[PDB]
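Sequence order for the protein chains is N, C, H, 4, c and a.
FYI, PDB author numbering numbers position 102 of the first sequence as 145, with every residue one higher than the one before it.
FYI, PDB author numbering numbers position 17 of the second sequence as 37, with every residue one higher than the one before it.
FYI, PDB author numbering numbers position 14 of the third sequence as 15, with every residue one higher than the one before it.
FYI, PDB author numbering numbers position 54 of the fourth sequence as 55, with every residue one higher than the one before it.
FYI, PDB author numbering numbers position 49 of the fifth sequence as 62, with every residue one higher than the one before it.
FYI, PDB author numbering numbers position 116 of the sixth sequence as 135, with every residue one higher than the one before it.
Reading through the structure tokens given below for one structure.
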Amino acid sequence: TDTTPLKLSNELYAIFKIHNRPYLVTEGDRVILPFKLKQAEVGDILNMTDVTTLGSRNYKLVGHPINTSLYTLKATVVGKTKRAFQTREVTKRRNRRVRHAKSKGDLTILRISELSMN
Amino acid sequence: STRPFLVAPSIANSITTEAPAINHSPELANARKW
Amino acid sequence: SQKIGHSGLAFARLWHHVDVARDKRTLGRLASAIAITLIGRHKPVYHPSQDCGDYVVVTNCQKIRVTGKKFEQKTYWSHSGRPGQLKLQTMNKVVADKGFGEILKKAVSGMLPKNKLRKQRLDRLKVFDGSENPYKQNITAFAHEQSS
Amino acid sequence: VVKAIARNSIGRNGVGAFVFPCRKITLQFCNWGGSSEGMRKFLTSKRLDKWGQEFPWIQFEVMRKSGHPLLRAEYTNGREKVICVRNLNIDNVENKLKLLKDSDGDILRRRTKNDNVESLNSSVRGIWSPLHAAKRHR
Amino acid sequence: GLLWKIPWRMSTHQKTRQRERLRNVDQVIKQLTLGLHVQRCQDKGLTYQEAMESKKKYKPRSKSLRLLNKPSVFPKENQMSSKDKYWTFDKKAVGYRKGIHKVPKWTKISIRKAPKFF
Amino acid sequence: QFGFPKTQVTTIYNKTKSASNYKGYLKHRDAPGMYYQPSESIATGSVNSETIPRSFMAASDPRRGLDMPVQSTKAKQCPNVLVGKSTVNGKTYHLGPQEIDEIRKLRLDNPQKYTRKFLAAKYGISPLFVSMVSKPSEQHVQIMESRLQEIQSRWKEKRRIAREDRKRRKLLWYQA
RNA sequence: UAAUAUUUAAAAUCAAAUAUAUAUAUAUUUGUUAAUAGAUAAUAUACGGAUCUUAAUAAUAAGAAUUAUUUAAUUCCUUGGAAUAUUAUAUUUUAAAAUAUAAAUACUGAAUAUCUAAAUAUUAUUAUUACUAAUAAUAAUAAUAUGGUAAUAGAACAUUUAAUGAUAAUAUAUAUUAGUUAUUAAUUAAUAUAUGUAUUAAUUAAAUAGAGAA
RNA sequence: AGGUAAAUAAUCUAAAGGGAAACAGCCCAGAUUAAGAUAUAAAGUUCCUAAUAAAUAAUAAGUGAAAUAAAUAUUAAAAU
RNA sequence: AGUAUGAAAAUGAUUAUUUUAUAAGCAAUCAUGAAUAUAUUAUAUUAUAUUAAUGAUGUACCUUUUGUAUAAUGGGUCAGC
Ligand SMILES: [Mg+2]
Ligand SMILES: [Mg+2]
Ligand SMILES: [Mg+2]
Ligand SMILES: [Mg+2]
Ligand SMILES: [Mg+2]
Ligand SMILES: [Mg+2]
Ligand SMILES: [Mg+2]
Ligand SMILES: [Mg+2]
Ligand SMILES: [Mg+2]
Ligand SMILES: [Mg+2]
Ligand SMILES: [Mg+2]
Ligand SMILES: [Mg+2]
Ligand SMILES: [Mg+2]
Ligand SMILES: [Mg+2]
Ligand SMILES: [Mg+2]
Ligand SMILES: [Mg+2]
Ligand SMILES: [Mg+2]
Ligand SMILES: [Mg+2]
Ligand SMILES: [Mg+2]
Ligand SMILES: [Mg+2]
Numbered sequence: 044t045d046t047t048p049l050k051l052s053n054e055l056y057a058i059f060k061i062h063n064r065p066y067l068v069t070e071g072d073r074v075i076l077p078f079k080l081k082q083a084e085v086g087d088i089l090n091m092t093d094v095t096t097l098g099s100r101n102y103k104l105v106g107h108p109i110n111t112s113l114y115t116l117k118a119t120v121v122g123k124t125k126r127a128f129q130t131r132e133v134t135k136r137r138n139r140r141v142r143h144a145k146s147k148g149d150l151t152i153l154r155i156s157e158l159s160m161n
Numbered sequence: 021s022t023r024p025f026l027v028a029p030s031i032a033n034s035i036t037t038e039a040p041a042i043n044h045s046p047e048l049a050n051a052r053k054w
Numbered sequence: 002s003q004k005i006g007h008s009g010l011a012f013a014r015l016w017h018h019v020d021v022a023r024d025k026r027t028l029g030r031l032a033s034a035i036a037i038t039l040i041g042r043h044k045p046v047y048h049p050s051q052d053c054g055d056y057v058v059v060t061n062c063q064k065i066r067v068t069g070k071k072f073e074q075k076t077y078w079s080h081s082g083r084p085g086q087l088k089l090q091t092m093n094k095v096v097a098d099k100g101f102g103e104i105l106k107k108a109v110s111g112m113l114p115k116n117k118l119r120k121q122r123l124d125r126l127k128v129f130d131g132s133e134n135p136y137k138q139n140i141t142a143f144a145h146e147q148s149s
Numbered sequence: 002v003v004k005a006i007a008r009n010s011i012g013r014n015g016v017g018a019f020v021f022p023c024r025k026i027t028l029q030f031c032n033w034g035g036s037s038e039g040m041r042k043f044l045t046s047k048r049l050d051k052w053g054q055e056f057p058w059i060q061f062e063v064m065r066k067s068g069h070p071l072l073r074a075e076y077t078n079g080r081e082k083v084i085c086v087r088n089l090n091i092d093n094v095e096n097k098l099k100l101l102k103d104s105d106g107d108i109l110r111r112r113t114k115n116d117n118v119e120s121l122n123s124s125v126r127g128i129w130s131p132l133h134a135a136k137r138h139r
Numbered sequence: 014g015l016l017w018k019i020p021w022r023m024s025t026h027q028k029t030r031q032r033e034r035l036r037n038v039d040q041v042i043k044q045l046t047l048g049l050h051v052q053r054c055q056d057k058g059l060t061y062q063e064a065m066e067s068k069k070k071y072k073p074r075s076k077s078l079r080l081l082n083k084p085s086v087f088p089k090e091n092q093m094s095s096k097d098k099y100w101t102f103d104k105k106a107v108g109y110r111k112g113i114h115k116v117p118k119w120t121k122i123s124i125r126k127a128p129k130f131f
Numbered sequence: 020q021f022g023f024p025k026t027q028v029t030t031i032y033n034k035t036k037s038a039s040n041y042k043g044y045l046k047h048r049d050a051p052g053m054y055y056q057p058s059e060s061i062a063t064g065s066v067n068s069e070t071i072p073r074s075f076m077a078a079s080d081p082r083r084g085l086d087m088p089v090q091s092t093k094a095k096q097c098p099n100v101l102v103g104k105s106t107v108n109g110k111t112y113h114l115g116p117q118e119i120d121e122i123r124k125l126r127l128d129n130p131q132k133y134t135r136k137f138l139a140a141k142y143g144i145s146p147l148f149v150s151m152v153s154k155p156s157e158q159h160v161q162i163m164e165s166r167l168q169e170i171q172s173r174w175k176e177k178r179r180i181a182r183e184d185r186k187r188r189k190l191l192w193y194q195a
């Protein structure tokens with residue numbers, strides 16, 4: 044697959060999928076994953092082994108896990124923090140008891156450090 | 021001494037047609053009046 | 002990332018033109034089509050919290066196509082608050098009074114989302130029974146199309 | 002003529018090097034006070050030493066104050082999380098500490114549905130235009 | 014009295030869904046039979062693949078399964094008539110017929126064989 | 020050149036009626052390989068390499084030979100917009116030094132009689148050129164300034180604000 | 001083939017399909033009318049509404065939004081393959097023709113299921129930490145479970161009093177604002193007012209112990 | 001009879017969610033807390049309103065298009 | 001009905017920020033522009049806070065009931081009991 048016009052461009056985007064959730068990024072972006080990572084700690088680096096689509100302004104390589112040979116896209120883990128706390132109030136319509144359903148889900152923050160053709 | 025103007029093909033090729041008589045036109049109303 | 006950049010052209014209101022003489026869609030279908038344009042659902046930058054729809058100029062509305070016996074039999078209604086003041090007018094009657102444009106407009110109004118924006122969107126649609134109109138100049142027109 | 006209008010660069014923490022977000026952690030406790038028992042135990046138990054060994058880029062202060070026990074933590078951005086570890090036990094305190102370390106200092110905030118990426122890079126492809134579309138509308 | 018707005022016919026979509034459901038039921042039965050056959054084969058002294066291949070497949074002995082297999086008692090969807098996919102015999106209707114969709118839990122209930130002349 | 024298959028940004032749903040819906044796009048998946056997707060967008064603020072014209076690349080850059088600042092429009096068809104008369108019919112350097120001197124003298128003498136337009140008419144030459152050549156009597160300039168000031172004063176509140184807004188807009192429109 | 005008098009049927013009959021010995025026979029299964037009138041009341045038309053029935057000449061273009069039988073391009077063989085056709089794209093050749101590729105997995109749709117994390121309880125496996133260690137605390141992995149009135153069971157928090165009780169105006173108490181911790185609570189910072197300062201932390205004991213419902 | 005009395009099953013009572021325009025009791029489905037990628041249920045896919053393309057027939061009444069009004073009459077169509 | 005103190009609320013006037021004179025319904029929640037305020041790490045293409053553009057969703061609460069948005073019961077609001 045002739046991958047020269049991706050090689051030559053300066054701006055380039057990628058659509059990698061973590062657990063099938065697609066995120067479309069360039070280098071320098073901050074991806075907020077809506078879950079807590081146990082594999083990676085803070086400061087670790089993830090090489091993305093599933094990238095659906097690499098694209099320039101006018102050309103785009105695509106494929107179900109396209110070869111890791113072709114590109115280098117690697118993200119560093121910055122933060123593991125939770126999204127803000129909420130108490131959604133659950134109740135019926137003539138019943139005095141209420142069930143406070145609390146929610147403070149967790150986030151993993153990445154930074155796309157490298158995004159290049161290989 | 022021309023100006024930079026364009027024109028759509030849809031509006032250029034549109035055959036000419038006269039709008040029929042509206043009853044709520046002033047002219048028509050005039051005719052009606054006593 | 003994708004949303005960042007100069008977005009001025011996206012939210013530009015284009016003027017579209019439909020010649021009902023040269024369009025073979027029957028009334029209702031045409032109206033429906035127009036509605037989408039008015040809303041701005043055709044463009045990928047649409048968001049429901051925003052009126053971003055285009056202008057539509059309809060011309061030669063006298064040659065609109067209506068099926069069956071609807072011209073005679075299809076009755077438009079209007080009620081004041083006052084009991085006994087129900088006005089029921091057949092399509093033909095309405096046409097005679099105001100024009101085919103009115104008919105079209107009504108359909109479009111019916112189609113459109115029922116909220117604040119509605120009226121604005123409706124007013125965006127400009128209709129003319131015959132060919133001539135004051136918007137001829139401002140319909141969107143490309144430089145490559147100028148062969149004719 | 003070309004005139005320059007001033008601006009400044011925006012820091013992207015991880016693209017070149019990666020500075021570690023947490024910088025100082027202050028284990029605060031009290032000798033007297035049952036609420037501060039777990040904290041005291043933690044301080045005693047070589048766990049702190051282990052933590053230090055693990056993470057040398059972050060410094061551990063150990064204060065003595067009369068109130069409830071705390072884990073005030075200080076981050077690169079400037080902000081400071083503070084967790085009162087009232088009446089917790091050793092393991093829970095450790096967990097709290099871990100949580101503190103993991104977080105970047107940034108304030109908590111409600112995310113909307115699917116707001117994942119956060120860029121300051123102009124779109125690689127342009128923003129759509131009606132006139133430069135592949136398919137014209139009607 | 015109280016308005017239960019339920020139509021006397023079914024929409025095309027509904028009909029299609031019903032058909033699909035019918036097909037699925039048939040398939041389940043078929044699968045069961047197949048399983049039984051392969052078990053029999055294994056008991057006799059064959060491999061799985063061999064069993065699958067076999068020309069002379071064994072009918073099921075258990076009464077219920079046998080009955081299900083019989084198209085007289087329990088028709089398959091292609092066999093079944095239009096008039097029986099979307100209507101049931103009601104003893105107290107006009108035309109002695111009633112849309113299946115009226116039958117209480119019609120999405121779960123199976124009911125193919127209406128009476129012969131009704 | 021490249022012989023890639025080209026595609027629109029496809030949706031499994033109807034584009035006309037539901038282009039803003041992200042889900043459709045996500046659902047769509049295309050056969051693995053390279054593709055040509057022309058950007059559905061103008062290249063005004065952009066600095067992308069696939070946006071730069073071949074004439075502005077150095078004679079060495081491999082991108083010159085490649086074909087992705089496409090010349091889709093053709094200059095034959097497009098009307099000239101807001102262009103000077105010297106561009107339509109080439110520039111002229113007919114006017115000598117003596118003539119120039121004379122013009123200057125005239126300007127110095129009587130600006131209202133011998134205004135720029137008049138000068139242009141006389142010597143088959145641009146008003147801009149005349150201006151470049153010759154400064155008018157400073158008194159005249161002062162008078163003009165005064166007049167302008169007066170006009171400004173005569174404005175209402177709203178108009179001033181509008182003017183300011185316009186100015187701001189103008190300023191903006193050279194940023195890109 | 002005209003006129004003629006009934007019937008609106010797949011029972012019989014014929015056709016097609018499936019299962020049994022099988023180019024036949026046996027058994028089962030499916031296939032047989034449509035309009036119009038009749039038609040109707042009181043605040044207002046009343047498919048929820050717009051509206052929907054298509055047409056040469058011309059559209060890179062509309063052709064039911066009704067009723068009946070279906071499909072997920074159409075046809076054959078046994079989920080598949082093949083052919084045919086269509087659309088889109090690319091390349092070559094003279095707006096066509098040839099070659100290759102792709103699409104044929106319709107789609108939407110729930111707080112359903114899965115995935116993705118988090119909590120709790122139980123069952124079964126672990127790992128770390130600390131001298132009923134067959135324990136406890138925390139963390140994993142797999143699984144199952146977590147709507148709820150009357151009702152039963154278990155566990156916490158606020159307030160006030162009594163027993164024990166360091167400490168300190170850089171302290172405390174209360175208040176406001178902004179943070180923090182899965183948050184009726186507490187804590188952090190700033191601010192304001194007290195007060196030479198806790199019945200303070202914690203464990204017990206108790207209660208005039210928690211209020212939009214008389 | 002939205003009547004009454006019992007029988008069987010479900011739901012409601014005590015059940016939020018999707019559909020049935022609105023809806024206790026219908027059709028699907030049981031909310032520990034999120035997240036939103038993939039299957040989907042019942043229902044739908046011109047617009048309002050999330051999503052659609054086909055095939056063969058029939059209908060010309062706006063019949064009909066999520067609540068089928070009877071005897072009978074007229075006109076046509078098939079079969080004998 | 002002790003004395004001090006009192007930024008407790010309901011309630012009134014006023015000023016500031018903001019929204020509001022083509023818009024219709026438990027006045028919130030979610031989405032989402034814009035304007036303003038504060039911030040001694042806004043490095044910004046920054047972060048929070050306030051605010052009825054605009055869009056979607058949304059029959060008060062209790063009691064009693066087979067069943068209540070009900071046009072069934074009860075409550076003018078707040079403080080104390
Ligand atoms: Mg109740
Ligand atoms: Mg309640
Ligand atoms: Mg109902
Ligand atoms: Mg839609
Ligand atoms: Mg009526
Ligand atoms: Mg309907
Ligand atoms: Mg679930
Ligand atoms: Mg429970
Ligand atoms: Mg009490
Ligand atoms: Mg009270
Ligand atoms: Mg209360
Ligand atoms: Mg009853
Ligand atoms: Mg009860
Ligand atoms: Mg329910
Ligand atoms: Mg139940
Ligand atoms: Mg449950
Ligand atoms: Mg009707
Ligand atoms: Mg009806
Ligand atoms: Mg109700
Ligand atoms: Mg009262």
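Cβ coordinates follow ideal geometry from the N, Cα and C atoms, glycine included.
Own chain partners of residue i with C-beta closer than 7 Å, once the 5 adjacent residues on each side are dropped
i, result
"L49 (chain N)", "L55, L97, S99, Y102, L104 and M160"
"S156 (chain a)", "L127 and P130"
"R125 (chain c)", "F87, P88, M93 and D97"
"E103 (chain H)", "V95"
"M53 (chain a)", "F23"
Limits of the unbroken beta strand (DSSP E) element including residue i
i, result
"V133 (chain N)", "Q129 to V133"
"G98 (chain N)", "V94 to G98"
"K118 (chain c)", "Looking at the DSSP string, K118 (chain c) is not in any beta strand (DSSP E), and its letter there is neither H nor E."
"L116 (chain N)", "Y114 to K125"
"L150 (chain N)", "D149 to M160"
"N37 (chain c)", "It is not in any beta strand (DSSP E) - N37 (chain c) instead sits in the alpha helix (DSSP H) that spans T25 to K57."
Bounding residues of the alpha helix (DSSP H) (the contiguous stretch that carries residue i)
i, result
"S95 (chain c)", "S95 to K98"
Close-in-space but distant-in-sequence residues of the same chain around residue i (CB under 6 Å, 5 per side omitted)
i, result
"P81 (chain a)", "none"
"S37 (chain 4)", "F30, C31 and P70"
Close Cβ partners of residue i (< 8 Å) along its chain, the five nearest in sequence each way excluded
i, result
"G29 (chain H)", "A108"
contact_flag[the segment 135-148 of chain N, the segment 24-35 of chain C] where n(CB pairs < 8 Å) is 3 or more: no
Segment contact flag, the segment 111-123 of chain H with the segment 109-117 of chain 4, C-beta cutoff 8 Å, min 3 pairs: no
Any 3 or more C-beta pairs closer than 8 Å across the segment 112-126 of chain c and the segment 16-34 of chain c: yes
4 or more residues per run - each alpha helix (DSSP H) lying fully within the segment 56-120 of chain 4: 91-103
Given 8 Å, three or more beta-carbon pairs between the segment 120-130 of chain N and the segment 73-89 of chain N: yes
Residues whose Cβ lies closer than 7 Å to any heavy atom of ligand 3, in chain order: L15 (chain c), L16 (chain c), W17 (chain c) and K18 (chain c)
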